[PDB]
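Visitor: Here you go, one structure.
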Amino acid sequence: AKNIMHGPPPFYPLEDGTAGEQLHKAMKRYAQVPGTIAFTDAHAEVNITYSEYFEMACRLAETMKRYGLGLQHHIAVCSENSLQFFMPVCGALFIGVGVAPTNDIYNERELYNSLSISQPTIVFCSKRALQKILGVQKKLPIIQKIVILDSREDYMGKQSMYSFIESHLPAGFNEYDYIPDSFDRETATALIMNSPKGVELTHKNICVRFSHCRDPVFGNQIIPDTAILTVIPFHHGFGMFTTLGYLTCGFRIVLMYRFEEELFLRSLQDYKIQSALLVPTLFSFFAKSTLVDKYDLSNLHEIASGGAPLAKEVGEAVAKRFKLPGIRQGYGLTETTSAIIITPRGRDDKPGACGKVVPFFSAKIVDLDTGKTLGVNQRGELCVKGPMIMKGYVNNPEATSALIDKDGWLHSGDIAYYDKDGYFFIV
């Protein structure tokens with residue numbers, strides 16, 4: 001059992017409270033420093049500050065509670081990456097209402113299948129997504145309300161966030177007196193994510209990610225005026241749990257609803273970005289790109305994927321283009337909330353490794369035929385155990401049991417080994 005790798009203790013002890021309570025507390029502090037930027041739309045050039053974001057999140061929270069939503073209800077958010085995407089997400093976490101980030105590029109059948117699993121009472125959607133959501137609403141009576149995200153006025157006969165709020169929020173609502181709900185973080189559904197199944201993640205699951213993201217070895221240091229650029233879809237686990245964590249760190253999250261090479265590189269330079277978050281196939285793109293050295297990227301210290309493992313050689317080619325000593329890798333699955341193996345900050349001598357096991361977690365390598373635990377440098381199936389492991393697949397205890405054994409180990413399906421320094425490598 002010296003052959004099981006364990007993460008170390010977190011730098012800071014695990015904070016109490018639900019995920020909504022932790023997020024509210026951080027956002028409320030950043031809201032009181034005027035001009036602190038939460039999100040920036042790289043296409044439109046519009047910035048939204050933490051005081052704006054905190055105020056909208058508290059108003060949506062109270063509005064949804066007055067409308068009648070509680071722990072037994074869910075909501076969906078279906079939208080391209082945008083400034084408004086996270087408003088209903090934060091608000092719902094405040095009040096213990098499960099949130100379902102729902103791919104906005106799904107076709108009708110796919111969307112129906114996703115929303116059939118999550119059963120949302122309210123869908124928040126963008127203008128682009130409305131027509132398909134209206135189609136699916138005809139087949140899913142649970143969907144009683146649609147609210148438009150990216151509109152300042154009512155659109156196509158649907159209320160905007162502002163008009164929805166106005167319909168329910170009492171006169172004199174003060175966001176600074178608002179208090180998020182408390183409930184059992186171990187069991188309360190925080191998010192339902194897609195993996196074609198629903199992955200139910202709990203508040204405790206997100207609270208542990210919130211430890212890692214603010215950890216000086218396993219996350220990012222909270223340093224004022226840190227900006228990050230992400231082109232990861234907010235409905236992917238890799239995009240949701242990096243972005244949500246950044247809100248707890250008070251960072252400026254620069255977004256793009258569409259990838260374009262020049263806009264991406266210009267944004268990195270002009271916004272003095274410190275970390276850039278890519279999807280795996282954009283690593284391959286950036287290994288081809290020669291435009292990169294026309295830009296001043298002297299502020300950039302990190303390229304990451306949120307836990308999608310990368311081939312060693314593509315990782316090294318990208319790092320070289322961007323004049324960095326390496327990529328910051330990780331390994332996670334939607335079913336593990338986020339990355340449970342992460343490269344320790346500032347360490348770039350293990351190219352090819354996905355990193356070390358995160359605090360609160362254990363990882364082992366097993367023989368594929370036997371289940372037998374293997375030792376150092378020996379290849380087998382990667383299994384992981386810890387408090388970011390999903391509650392289970394929505395409505396599918398058979399698939400849950402096939403993935404996670406009776407001792408709490410999730411069997412990832414990947415082949416891996418670890419080395420003498422405790423670094424893991426996916427084969």
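How things are named: the first chain in the structure tokens is A, the next is B, and so on; residues count from 1 in each chain; ligands count from 1 in the order shown.
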For residue 198 of chain A, please output as a list in words all residues within 10 Å (counting only C-alpha atoms; exclusion window: fewer than 2 positions along the same chain).

Guide: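 These residues fall inside the cut-off: residues 100, 113, 114, 115, 116, 117, 118, 191, 192, 193, 194, 195, 196, 200, 201, 334, 335, 392, 393, 394, 395 and 396 of chain A.
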
Visitor: Could you list, as JSON, numbers by chain, every residue within 7 Å of segment 350-365 of chain A, counting only C-alpha atoms and ignoring same-chain residues fewer than 2 positions away?

Guide: {"A": [4, 5, 6, 7, 8, 9, 10, 218, 309, 311, 312, 326, 329, 330, 331, 340, 341, 342, 343, 344, 348, 373, 374, 380, 381, 382, 383, 384, 385, 386, 387, 416, 417, 422, 423, 424, 425]}

Visitor: Write a file of the selected residues as a CSV table (one decimal), in the first residue's frame, keeping N, CA and C atoms.

Guide:
```csv
chain,number,residue,atom,x,y,z
A,4,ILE,N,0.1,2.6,-3.4
A,4,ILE,CA,-0.9,3.6,-3.7
A,4,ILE,C,-0.3,5.0,-3.5
A,5,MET,N,-0.4,5.8,-4.5
A,5,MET,CA,0.0,7.2,-4.4
A,5,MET,C,-1.1,8.1,-3.8
A,6,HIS,N,-0.8,9.0,-2.9
A,6,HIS,CA,-1.7,9.8,-2.2
A,6,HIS,C,-1.2,11.2,-2.4
A,7,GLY,N,-2.2,12.1,-2.6
A,7,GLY,CA,-1.8,13.6,-2.6
A,7,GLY,C,-1.5,14.0,-1.2
A,8,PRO,N,-0.7,15.1,-1.1
A,8,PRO,CA,-0.4,15.7,0.2
A,8,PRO,C,-1.5,16.5,0.8
A,9,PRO,N,-1.4,17.0,2.0
A,9,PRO,CA,-2.4,17.8,2.6
A,9,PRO,C,-2.4,19.1,1.8
A,10,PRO,N,-3.6,19.8,1.7
A,10,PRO,CA,-3.7,21.0,1.0
A,10,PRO,C,-3.0,22.1,1.7
A,218,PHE,N,-1.0,23.2,-6.4
A,218,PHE,CA,-1.9,22.6,-7.3
A,218,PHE,C,-2.9,23.5,-8.1
A,309,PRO,N,-5.6,15.1,-21.1
A,309,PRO,CA,-4.2,14.8,-21.3
A,309,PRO,C,-3.7,15.0,-22.8
A,311,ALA,N,-0.5,14.6,-25.8
A,311,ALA,CA,0.7,13.8,-26.2
A,311,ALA,C,1.9,14.6,-25.9
A,312,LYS,N,3.0,14.0,-25.4
A,312,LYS,CA,4.2,14.6,-25.1
A,312,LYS,C,4.8,15.5,-26.1
A,326,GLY,N,7.4,24.5,-20.5
A,326,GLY,CA,6.5,23.3,-20.7
A,326,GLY,C,5.1,23.7,-20.7
A,329,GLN,N,0.1,20.3,-17.4
A,329,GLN,CA,-0.8,19.2,-17.7
A,329,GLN,C,-1.6,18.8,-16.6
A,330,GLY,N,-2.7,18.1,-16.9
A,330,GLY,CA,-3.4,17.4,-15.9
A,330,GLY,C,-4.2,16.3,-16.5
A,331,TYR,N,-4.7,15.5,-15.6
A,331,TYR,CA,-5.6,14.4,-16.0
A,331,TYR,C,-6.9,14.4,-15.1
A,340,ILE,N,-7.7,15.4,-11.3
A,340,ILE,CA,-7.2,14.8,-10.0
A,340,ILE,C,-5.7,14.4,-10.0
A,341,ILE,N,-5.1,14.6,-11.2
A,341,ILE,CA,-3.6,14.6,-11.3
A,341,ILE,C,-3.3,15.9,-12.0
A,342,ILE,N,-2.4,16.7,-11.4
A,342,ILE,CA,-2.1,18.0,-11.9
A,342,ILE,C,-0.5,18.2,-11.7
A,343,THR,N,0.1,18.8,-12.7
A,343,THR,CA,1.5,19.2,-12.7
A,343,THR,C,1.7,20.3,-11.6
A,344,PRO,N,2.6,20.0,-10.6
A,344,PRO,CA,2.9,21.0,-9.6
A,344,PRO,C,3.4,22.3,-10.2
A,348,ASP,N,8.7,21.8,-14.6
A,348,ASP,CA,8.6,21.5,-16.1
A,348,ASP,C,9.6,20.5,-16.5
A,373,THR,N,-3.0,-4.4,-7.6
A,373,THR,CA,-2.2,-3.2,-7.5
A,373,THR,C,-0.7,-3.4,-7.9
A,374,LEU,N,-0.2,-2.6,-8.9
A,374,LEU,CA,1.2,-2.7,-9.4
A,374,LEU,C,2.0,-1.6,-8.8
A,380,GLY,N,-0.4,-0.3,-16.2
A,380,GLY,CA,-1.7,-0.9,-15.9
A,380,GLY,C,-2.8,0.1,-16.0
A,381,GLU,N,-4.0,-0.3,-15.5
A,381,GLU,CA,-5.1,0.6,-15.5
A,381,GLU,C,-5.1,1.6,-14.4
A,382,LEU,N,-5.4,2.8,-14.7
A,382,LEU,CA,-5.4,3.9,-13.7
A,382,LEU,C,-6.7,3.9,-13.0
A,383,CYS,N,-6.7,3.9,-11.7
A,383,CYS,CA,-7.8,4.0,-10.8
A,383,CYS,C,-7.5,5.1,-9.8
A,384,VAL,N,-8.6,5.9,-9.5
A,384,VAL,CA,-8.5,7.0,-8.6
A,384,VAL,C,-9.7,7.0,-7.6
A,385,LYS,N,-9.4,7.6,-6.5
A,385,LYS,CA,-10.3,7.6,-5.3
A,385,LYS,C,-10.2,8.9,-4.6
A,386,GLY,N,-11.3,9.6,-4.3
A,386,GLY,CA,-11.3,10.8,-3.6
A,386,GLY,C,-12.7,11.6,-3.7
A,387,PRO,N,-12.8,12.7,-3.0
A,387,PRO,CA,-14.1,13.4,-2.8
A,387,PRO,C,-14.6,14.3,-3.9
A,416,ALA,N,-1.7,3.6,-17.6
A,416,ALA,CA,-0.8,4.6,-17.0
A,416,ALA,C,0.3,3.9,-16.2
A,417,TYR,N,1.3,4.7,-15.8
A,417,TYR,CA,2.3,4.3,-14.8
A,417,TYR,C,2.7,5.5,-14.0
A,422,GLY,N,6.7,10.1,-8.1
A,422,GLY,CA,5.3,10.2,-7.9
A,422,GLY,C,4.6,10.9,-9.1
A,423,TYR,N,5.2,11.1,-10.2
A,423,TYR,CA,4.6,11.6,-11.4
A,423,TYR,C,3.9,10.5,-12.3
A,424,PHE,N,2.7,10.8,-12.7
A,424,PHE,CA,1.9,9.9,-13.5
A,424,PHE,C,2.0,10.2,-15.0
A,425,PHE,N,2.0,9.1,-15.8
A,425,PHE,CA,2.2,9.2,-17.3
A,425,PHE,C,1.1,8.4,-17.9
```

Visitor: Counting only C-alpha atoms, figure out which residue out of A:288, A:209, A:345, A:138 gets nearest to residue 320 of chain A.

Guide: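 Answer, going by the shortest atom-to-atom distance: A:288.
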
Visitor: Residues within 10 Å of residue 276 of chain A, please, as a list in words. Count only C-alpha atoms; anything in the same chain fewer than 2 positions from it doesn't count.

Guide: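 Contacts, in chain order: residues 227, 228, 229, 230, 231, 232, 254, 264, 268, 273, 274, 278, 300, 301, 302, 303, 304 and 305 of chain A.
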
Visitor: Any chance you could tabulate, as JSON lines, the residues of segment 84-127 of chain A at most 12 Å from segment 63-66 of chain A with each one's nearest atom pair and distance in Å to one decimal, using only C-alpha atoms, in chain and rising number order?

Guide:
```
{"residue": "A:88", "atom": "CA", "partner": "A:64", "partner_atom": "CA", "distance": 9.4}
{"residue": "A:89", "atom": "CA", "partner": "A:64", "partner_atom": "CA", "distance": 11.6}
{"residue": "A:90", "atom": "CA", "partner": "A:64", "partner_atom": "CA", "distance": 11.8}
{"residue": "A:91", "atom": "CA", "partner": "A:64", "partner_atom": "CA", "distance": 8.2}
{"residue": "A:92", "atom": "CA", "partner": "A:64", "partner_atom": "CA", "distance": 7.8}
{"residue": "A:93", "atom": "CA", "partner": "A:64", "partner_atom": "CA", "distance": 11.1}
{"residue": "A:94", "atom": "CA", "partner": "A:65", "partner_atom": "CA", "distance": 10.0}
{"residue": "A:95", "atom": "CA", "partner": "A:65", "partner_atom": "CA", "distance": 7.2}
{"residue": "A:96", "atom": "CA", "partner": "A:65", "partner_atom": "CA", "distance": 9.9}
{"residue": "A:97", "atom": "CA", "partner": "A:64", "partner_atom": "CA", "distance": 9.0}
{"residue": "A:121", "atom": "CA", "partner": "A:64", "partner_atom": "CA", "distance": 10.4}
{"residue": "A:122", "atom": "CA", "partner": "A:64", "partner_atom": "CA", "distance": 9.1}
{"residue": "A:123", "atom": "CA", "partner": "A:64", "partner_atom": "CA", "distance": 11.8}
{"residue": "A:124", "atom": "CA", "partner": "A:64", "partner_atom": "CA", "distance": 11.8}
```

Visitor: Just to be explicit: take each residue in the selection above, keep N, CA and C atoms, and write the result as an mmCIF file, in the first residue's frame.

Guide:
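To be explicit, this is the file written out as selection.cif:
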```cif
data_model
loop_
_atom_site.group_PDB
_atom_site.id
_atom_site.type_symbol
_atom_site.label_atom_id
_atom_site.label_comp_id
_atom_site.auth_asym_id
_atom_site.auth_seq_id
_atom_site.Cartn_x
_atom_site.Cartn_y
_atom_site.Cartn_z
ATOM 1 N N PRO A 88 -26.568 32.789 -14.080
ATOM 2 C CA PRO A 88 -27.467 31.826 -13.505
ATOM 3 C C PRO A 88 -26.748 30.677 -12.822
ATOM 4 N N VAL A 89 -25.525 30.382 -13.196
ATOM 5 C CA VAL A 89 -24.801 29.290 -12.566
ATOM 6 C C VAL A 89 -24.510 29.629 -11.091
ATOM 7 N N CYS A 90 -23.973 30.823 -10.854
ATOM 8 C CA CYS A 90 -23.667 31.304 -9.496
ATOM 9 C C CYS A 90 -24.916 31.415 -8.664
ATOM 10 N N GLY A 91 -25.946 32.052 -9.230
ATOM 11 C CA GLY A 91 -27.207 32.226 -8.528
ATOM 12 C C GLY A 91 -27.809 30.901 -8.045
ATOM 13 N N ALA A 92 -27.835 29.891 -8.922
ATOM 14 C CA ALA A 92 -28.359 28.534 -8.599
ATOM 15 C C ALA A 92 -27.515 27.838 -7.542
ATOM 16 N N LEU A 93 -26.182 27.974 -7.623
ATOM 17 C CA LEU A 93 -25.353 27.398 -6.589
ATOM 18 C C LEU A 93 -25.649 28.050 -5.234
ATOM 19 N N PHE A 94 -25.893 29.360 -5.212
ATOM 20 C CA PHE A 94 -26.279 30.029 -3.972
ATOM 21 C C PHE A 94 -27.503 29.408 -3.227
ATOM 22 N N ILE A 95 -28.434 28.837 -3.972
ATOM 23 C CA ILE A 95 -29.668 28.399 -3.417
ATOM 24 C C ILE A 95 -29.819 26.893 -3.532
ATOM 25 N N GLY A 96 -28.765 26.158 -3.917
ATOM 26 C CA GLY A 96 -28.848 24.686 -3.967
ATOM 27 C C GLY A 96 -29.711 24.130 -5.079
ATOM 28 N N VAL A 97 -29.833 24.854 -6.183
ATOM 29 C CA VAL A 97 -30.598 24.341 -7.290
ATOM 30 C C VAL A 97 -29.600 23.772 -8.308
ATOM 31 N N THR A 121 -36.423 23.077 -14.731
ATOM 32 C CA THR A 121 -37.663 23.821 -14.664
ATOM 33 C C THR A 121 -37.524 25.122 -15.427
ATOM 34 N N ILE A 122 -36.332 25.728 -15.362
ATOM 35 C CA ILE A 122 -36.056 26.952 -16.111
ATOM 36 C C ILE A 122 -34.865 26.671 -16.980
ATOM 37 N N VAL A 123 -34.960 26.995 -18.266
ATOM 38 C CA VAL A 123 -33.807 27.108 -19.128
ATOM 39 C C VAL A 123 -33.387 28.571 -19.348
ATOM 40 N N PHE A 124 -32.125 28.853 -19.032
ATOM 41 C CA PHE A 124 -31.503 30.106 -19.426
ATOM 42 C C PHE A 124 -30.764 29.861 -20.718
#
```

Visitor: Which polymer residues have any atom within 6 Å of an atom of residue 79 of chain A, counting only C-alpha atoms, with same-chain residues fewer than 2 positions away left out, as a compact mmCIF listing (two decimals) with N, CA and C atoms, in the first residue's frame?

Guide:
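Generated file (around-v2.txt):
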```txt
# COMPACT_ATOMS: atom_id res chain seq x y z
N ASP A 104 -24.47 23.96 -26.47
CA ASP A 104 -25.26 24.82 -27.39
C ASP A 104 -25.15 24.46 -28.89
N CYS A 125 -31.07 30.62 -21.76
CA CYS A 125 -30.41 30.42 -23.05
C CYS A 125 -30.07 31.72 -23.75
N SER A 126 -29.15 31.60 -24.68
CA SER A 126 -28.80 32.72 -25.53
C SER A 126 -29.80 32.80 -26.65
```

Visitor: With a distance cut-off of 12 Å and only C-alpha atoms, select the neighbouring residues of residue 173 of chain A, excluding the residue or stretch itself and same-chain residues fewer than 2 positions from it, and output the selection as a PDB file with C-alpha atoms, in the first residue's frame.

Guide:
```pdb
ATOM      1  CA  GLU A  55     -25.150  41.810  -7.820  1.00  0.00           C
ATOM      2  CA  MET A  56     -26.686  39.831 -10.694  1.00  0.00           C
ATOM      3  CA  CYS A  58     -27.567  37.514  -5.760  1.00  0.00           C
ATOM      4  CA  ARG A  59     -30.592  38.963  -7.601  1.00  0.00           C
ATOM      5  CA  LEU A  60     -31.008  35.797  -9.677  1.00  0.00           C
ATOM      6  CA  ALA A  61     -30.621  33.621  -6.594  1.00  0.00           C
ATOM      7  CA  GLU A  62     -33.415  35.464  -4.745  1.00  0.00           C
ATOM      8  CA  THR A  63     -35.561  35.628  -7.878  1.00  0.00           C
ATOM      9  CA  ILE A 165     -35.783  39.532 -11.742  1.00  0.00           C
ATOM     10  CA  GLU A 166     -38.167  42.504 -11.793  1.00  0.00           C
ATOM     11  CA  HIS A 168     -40.131  38.510  -8.452  1.00  0.00           C
ATOM     12  CA  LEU A 169     -37.580  40.517  -6.502  1.00  0.00           C
ATOM     13  CA  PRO A 170     -38.999  42.601  -3.628  1.00  0.00           C
ATOM     14  CA  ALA A 171     -38.515  46.314  -3.532  1.00  0.00           C
ATOM     15  CA  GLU A 175     -27.283  42.177  -2.630  1.00  0.00           C
ATOM     16  CA  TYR A 176     -24.906  42.944   0.256  1.00  0.00           C
ATOM     17  CA  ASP A 177     -27.500  41.698   2.827  1.00  0.00           C
ATOM     18  CA  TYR A 178     -28.290  38.562   0.822  1.00  0.00           C
ATOM     19  CA  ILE A 179     -27.362  35.252   2.502  1.00  0.00           C
TER      20      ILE A 179
END
```

Visitor: I'd like the neighbourhood of residue 149 of chain A as a PDB file with N, CA and C atoms, in the first residue's frame, where a residue qualifies if any of its atoms comes within 10 Å (using only C-alpha atoms), though same-chain residues fewer than 6 positions away should be ignored.

Guide:
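And here's around30.pdb as it stands now:
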```pdb
ATOM      1  N   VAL A  77     -28.526  25.812 -18.472  1.00  0.00           N
ATOM      2  CA  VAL A  77     -27.913  26.954 -19.151  1.00  0.00           C
ATOM      3  C   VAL A  77     -27.392  26.442 -20.473  1.00  0.00           C
ATOM      4  N   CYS A  78     -27.910  26.990 -21.562  1.00  0.00           N
ATOM      5  CA  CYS A  78     -27.555  26.579 -22.898  1.00  0.00           C
ATOM      6  C   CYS A  78     -27.163  27.801 -23.677  1.00  0.00           C
ATOM      7  N   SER A  79     -25.865  27.938 -23.942  1.00  0.00           N
ATOM      8  CA  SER A  79     -25.334  29.152 -24.532  1.00  0.00           C
ATOM      9  C   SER A  79     -23.886  28.982 -24.917  1.00  0.00           C
ATOM     10  N   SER A  82     -20.040  33.297 -22.996  1.00  0.00           N
ATOM     11  CA  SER A  82     -20.409  34.726 -23.006  1.00  0.00           C
ATOM     12  C   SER A  82     -20.237  35.334 -21.655  1.00  0.00           C
ATOM     13  N   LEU A  83     -20.383  36.655 -21.609  1.00  0.00           N
ATOM     14  CA  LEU A  83     -20.316  37.388 -20.344  1.00  0.00           C
ATOM     15  C   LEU A  83     -21.395  36.971 -19.340  1.00  0.00           C
ATOM     16  N   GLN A  84     -22.547  36.476 -19.825  1.00  0.00           N
ATOM     17  CA  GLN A  84     -23.691  36.260 -18.940  1.00  0.00           C
ATOM     18  C   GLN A  84     -23.818  34.794 -18.470  1.00  0.00           C
ATOM     19  N   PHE A  85     -23.129  33.891 -19.139  1.00  0.00           N
ATOM     20  CA  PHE A  85     -23.270  32.450 -18.926  1.00  0.00           C
ATOM     21  C   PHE A  85     -23.267  32.095 -17.455  1.00  0.00           C
ATOM     22  N   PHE A  86     -22.310  32.639 -16.730  1.00  0.00           N
ATOM     23  CA  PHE A  86     -22.173  32.263 -15.305  1.00  0.00           C
ATOM     24  C   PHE A  86     -23.140  32.905 -14.336  1.00  0.00           C
ATOM     25  N   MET A  87     -23.937  33.865 -14.780  1.00  0.00           N
ATOM     26  CA  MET A  87     -24.819  34.513 -13.849  1.00  0.00           C
ATOM     27  C   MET A  87     -25.830  33.539 -13.257  1.00  0.00           C
ATOM     28  N   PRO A  88     -26.568  32.789 -14.080  1.00  0.00           N
ATOM     29  CA  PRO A  88     -27.467  31.826 -13.505  1.00  0.00           C
ATOM     30  C   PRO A  88     -26.748  30.677 -12.822  1.00  0.00           C
ATOM     31  N   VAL A 123     -34.960  26.995 -18.266  1.00  0.00           N
ATOM     32  CA  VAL A 123     -33.807  27.108 -19.128  1.00  0.00           C
ATOM     33  C   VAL A 123     -33.387  28.571 -19.348  1.00  0.00           C
ATOM     34  N   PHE A 124     -32.125  28.853 -19.032  1.00  0.00           N
ATOM     35  CA  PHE A 124     -31.503  30.106 -19.426  1.00  0.00           C
ATOM     36  C   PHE A 124     -30.764  29.861 -20.718  1.00  0.00           C
ATOM     37  N   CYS A 125     -31.067  30.623 -21.764  1.00  0.00           N
ATOM     38  CA  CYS A 125     -30.415  30.416 -23.047  1.00  0.00           C
ATOM     39  C   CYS A 125     -30.069  31.716 -23.752  1.00  0.00           C
ATOM     40  N   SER A 126     -29.151  31.600 -24.680  1.00  0.00           N
ATOM     41  CA  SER A 126     -28.801  32.719 -25.526  1.00  0.00           C
ATOM     42  C   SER A 126     -29.801  32.802 -26.650  1.00  0.00           C
ATOM     43  N   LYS A 127     -29.806  33.944 -27.320  1.00  0.00           N
ATOM     44  CA  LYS A 127     -30.571  34.126 -28.529  1.00  0.00           C
ATOM     45  C   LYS A 127     -30.287  33.067 -29.601  1.00  0.00           C
ATOM     46  N   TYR A 155     -37.194  39.371 -25.450  1.00  0.00           N
ATOM     47  CA  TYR A 155     -36.802  38.942 -26.796  1.00  0.00           C
ATOM     48  C   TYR A 155     -37.670  37.802 -27.240  1.00  0.00           C
ATOM     49  N   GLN A 159     -38.839  36.677 -21.390  1.00  0.00           N
ATOM     50  CA  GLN A 159     -38.203  37.619 -20.479  1.00  0.00           C
ATOM     51  C   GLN A 159     -36.660  37.545 -20.522  1.00  0.00           C
ATOM     52  N   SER A 160     -36.011  38.703 -20.413  1.00  0.00           N
ATOM     53  CA  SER A 160     -34.591  38.787 -20.107  1.00  0.00           C
ATOM     54  C   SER A 160     -34.349  38.509 -18.621  1.00  0.00           C
ATOM     55  N   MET A 161     -33.084  38.435 -18.222  1.00  0.00           N
ATOM     56  CA  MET A 161     -32.795  38.234 -16.807  1.00  0.00           C
ATOM     57  C   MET A 161     -33.364  39.398 -16.051  1.00  0.00           C
ATOM     58  N   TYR A 162     -33.278  40.587 -16.632  1.00  0.00           N
ATOM     59  CA  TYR A 162     -33.647  41.792 -15.919  1.00  0.00           C
ATOM     60  C   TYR A 162     -35.139  41.798 -15.651  1.00  0.00           C
TER      61      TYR A 162
END
```

Visitor: Would you write out, as JSON lines, a table of all residues in segment 247-298 of chain A that have an atom no more than 10 Å from an atom of segment 34-45 of chain A, listing for each the closest atom pair and the distance in Å to one decimal, considering only C-alpha atoms and ordering rows by chain and rising residue number?

Guide:
```
{"residue": "A:247", "atom": "CA", "partner": "A:38", "partner_atom": "CA", "distance": 7.0}
{"residue": "A:249", "atom": "CA", "partner": "A:38", "partner_atom": "CA", "distance": 10.0}
{"residue": "A:250", "atom": "CA", "partner": "A:38", "partner_atom": "CA", "distance": 6.9}
{"residue": "A:251", "atom": "CA", "partner": "A:38", "partner_atom": "CA", "distance": 6.3}
{"residue": "A:252", "atom": "CA", "partner": "A:38", "partner_atom": "CA", "distance": 4.7}
{"residue": "A:253", "atom": "CA", "partner": "A:39", "partner_atom": "CA", "distance": 4.6}
{"residue": "A:254", "atom": "CA", "partner": "A:40", "partner_atom": "CA", "distance": 4.6}
{"residue": "A:255", "atom": "CA", "partner": "A:41", "partner_atom": "CA", "distance": 5.4}
{"residue": "A:256", "atom": "CA", "partner": "A:42", "partner_atom": "CA", "distance": 5.6}
{"residue": "A:257", "atom": "CA", "partner": "A:43", "partner_atom": "CA", "distance": 7.9}
{"residue": "A:258", "atom": "CA", "partner": "A:43", "partner_atom": "CA", "distance": 8.6}
{"residue": "A:263", "atom": "CA", "partner": "A:42", "partner_atom": "CA", "distance": 7.7}
{"residue": "A:264", "atom": "CA", "partner": "A:42", "partner_atom": "CA", "distance": 8.4}
{"residue": "A:266", "atom": "CA", "partner": "A:42", "partner_atom": "CA", "distance": 9.6}
{"residue": "A:267", "atom": "CA", "partner": "A:42", "partner_atom": "CA", "distance": 6.9}
{"residue": "A:271", "atom": "CA", "partner": "A:42", "partner_atom": "CA", "distance": 9.4}
```

Visitor: Let's see if you can do this: from backbone DSSP, list all helix (DSSP H, G or I) residues in segment 172-226 of chain A, as a PyMOL selection string.

Guide: chain A and resi 203-213

Visitor: Select, from A:1, A:57, A:11, A:25, the residue with the minimum atom-to-atom distance to residue 375 of chain A, counting only C-alpha atoms.

Guide: A:1

Visitor: Pick the closest to residue 238 of chain A from A:18, A:107, A:337, A:298: which is it, counting only C-alpha atoms?

Guide: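 Of the candidates, the smallest distance to residue 238 of chain A is held by A:337.
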
Visitor: Distance atom CA of residue 50 of chain A-atom CA of residue 272 of chain A, one decimal place?

Guide: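 It comes out at 19.2 Å.
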
Visitor: Go through A:188, A:390, A:222, A:76 and flag the residue nearest residue 408 of chain A, using only C-alpha atoms for the distances.

Guide: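 Counting only C-alpha atoms, the residue closest to residue 408 of chain A is A:390.
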
Visitor: Using only C-alpha atoms, pick whichever of A:199, A:339, A:321, A:296 has the shortest atom-to-atom distance to residue 241 of chain A.

Guide: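 Of all the options, A:339 lies closest to residue 241 of chain A.
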
Visitor: As JSON, numbers by chain, please: all residues of segment 70-304 of chain A that backbone DSSP puts in strand (DSSP E).

Guide: {"A": [74, 75, 76, 77, 78, 98, 99, 100, 101, 122, 123, 124, 125, 145, 146, 147, 148, 159, 160, 189, 190, 191, 192, 193, 194, 198, 199, 200, 201, 202, 227, 228, 229, 230, 252, 253, 254, 255, 275, 276, 277, 302, 303, 304]}
